[PDB]
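In the form deposited in one PDB entry, a lone chain appears below as structure tokens.
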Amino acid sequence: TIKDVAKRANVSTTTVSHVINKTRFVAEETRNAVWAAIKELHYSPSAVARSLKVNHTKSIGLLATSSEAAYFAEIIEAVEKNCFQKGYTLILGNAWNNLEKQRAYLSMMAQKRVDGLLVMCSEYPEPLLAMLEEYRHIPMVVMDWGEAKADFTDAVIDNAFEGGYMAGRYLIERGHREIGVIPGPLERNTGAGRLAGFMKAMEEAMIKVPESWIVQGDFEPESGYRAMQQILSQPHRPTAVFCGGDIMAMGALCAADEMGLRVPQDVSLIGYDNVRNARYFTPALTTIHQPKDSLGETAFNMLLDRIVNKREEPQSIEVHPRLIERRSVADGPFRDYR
């Protein structure tokens, strides 16, 4: 079809391609004519041909976990902004923590020859770690580990643990000594990592959390609903609660309400994530905020670098969580005694 263009214009495809990409000077006269044709013929230059030659697709792949999930969704929207910004195309792939699913997208991707790979897989068993390596040749950055699991990738770290700690501290300095926790999946960073951050502060304060007070969630609202329940559904309950994620929080919220419990007047809740609309949670949610735009833009950036300035060595940038005080927490019994 560029051949067809060259012809309508009576110039060489070379000339055509020169004008279409301003890659060498062309007489105006000639230049307009190309356009002229470029426009009657209704020409859409083929990137597949181009990429075929120039060897890069100006396209990047997101090998994600899921995308409805608020938290996720937010990061992704971010990353896409950056792609569009710097002229890249985003191929979105959810593998739902499925390994096969994952080996499958990985492959489709390599085959479609993405210029780089952004990874958000949530859990990283040796077998996944392994497949990932088989692709060290395509540049890539995992945006969700807490420390650096591998030497063949760029890593952006969230300081999830320090976030965990922040949370604890708050409750503590608020008068709280009877706290419970609904962590998220321990095989995840934002899972384990936040729990431990929280657990240091406790240990530091000589607060012990009775195992009947810690209930695993999975970041989905229903998980928090049951958690809260099981907690408040007991003889002795805590005065305050640290919930691993806002969405679950939001579930913890509804259940308390359903047992006729008042938050924060009857139970205090502090979440984690600071999702776009936690402020409209009801009681406005006090939570730890996770930089998600920066987590995205930063990730894109390390990838571009590698991609463009052909980097070889792995790199890692930290990011920082930070407390947002909202309306879900109240003074505990010890506030005054400190």
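Start at 1 and count along the sequence shown; that's the residue number. The term rigid core refers to the most C-alpha atoms you can superpose between the two forms while keeping them within 1.5 Å.
Worksheet entry | residue 188 left out of the model in a third or more of other PDB entries | Yes, left without coordinates in at least a third.
Worksheet entry | Given 182-190 and 247-255, the range whose Cα B-factors average higher in the PDB entry | The recorded data point to 182-190.
Worksheet entry | Stretch exceeding the other in mean C-alpha B-factor - 20-28, 311-319 | Mean B over CA atoms: larger for 311-319.
Fill in: Residue, from 147, 80, 218, 74, that the PDB entry assigns the highest Cα B-factor
Largest recorded C-alpha B-factor: 147.
Worksheet item: At the C-alpha atoms, which of 303, 270, 41, 275 reaches the highest B-factor in this entry?
Response: Within the set 303, 270, 41, 275, 41 shows the top C-alpha B-factor.
Discussion item. Ranking every modelled residue in this chain by its Cα temperature factor as given in the entry, which third contains residue 64?
Written reply: Top third by C-alpha B-factor.
Item to complete: Just say lowest, middle or highest third for the CA B-factor of residue 298 relative to the other modelled residues in its chain.
Response: It falls in the bottom third of the chain.
Worksheet item: With respect to C-alpha B-factor, does residue 205 fall in the lowest, middle or highest third of the chain as deposited?
Response: Tercile = middle for this residue's CA B-factor.
Item to complete: Going by the recorded CA B-factors, say which third of the chain residue 48 sits in, lowest, middle or highest.
Response: Ranked within chain, residue 48 CA B lands in the middle tercile.
Discussion item. Among the modelled residues of this chain, does the Cα B factor of residue 10 put it in the lowest, middle or highest third?
Written reply: Its C-alpha B-factor, which the entry lists for residue 10, ranks in the highest third among residues of this chain.
Just so it is clear, the following notes concern the form deposited in another entry, a form of the same protein that is not shown.
Worksheet item: If you fit the two forms on their rigid core, which residue out of 117, 202, 231, 250 shows a CA shift of at least 2 Å between the shown form and the other one?
Response: The listed residue whose C-alpha shifts by at least 2 Å is 117.
Worksheet item: Core-aligned, is the CA shift for residue 80 between the shown form and the other one 2 angstroms or more?
Response: After core superposition, the C-alpha of residue 80 moves 2 Å or more between the shown form and the other one.
Worksheet item: Any CA movement of 2 Å or more for residue 300 between the shown form and the other one, core superposed?
Response: Yes.
Worksheet item: Quick one: once the rigid core is lined up, does residue 219 have its C-alpha move by 2 Å or more between the shown form and the other one?
Response: The answer is no, as the C-alpha of residue 219 shifts between the shown form and the other one by less than 2 Å after core alignment.
Discussion item. Residue 153 and residue 124: their C-alpha distance differs by 3 angstroms or more in the other form. Do they come closer or move farther apart compared with the shown form?
Written reply: Compared with this form, residue 153 and residue 124 lie closer in the other form.
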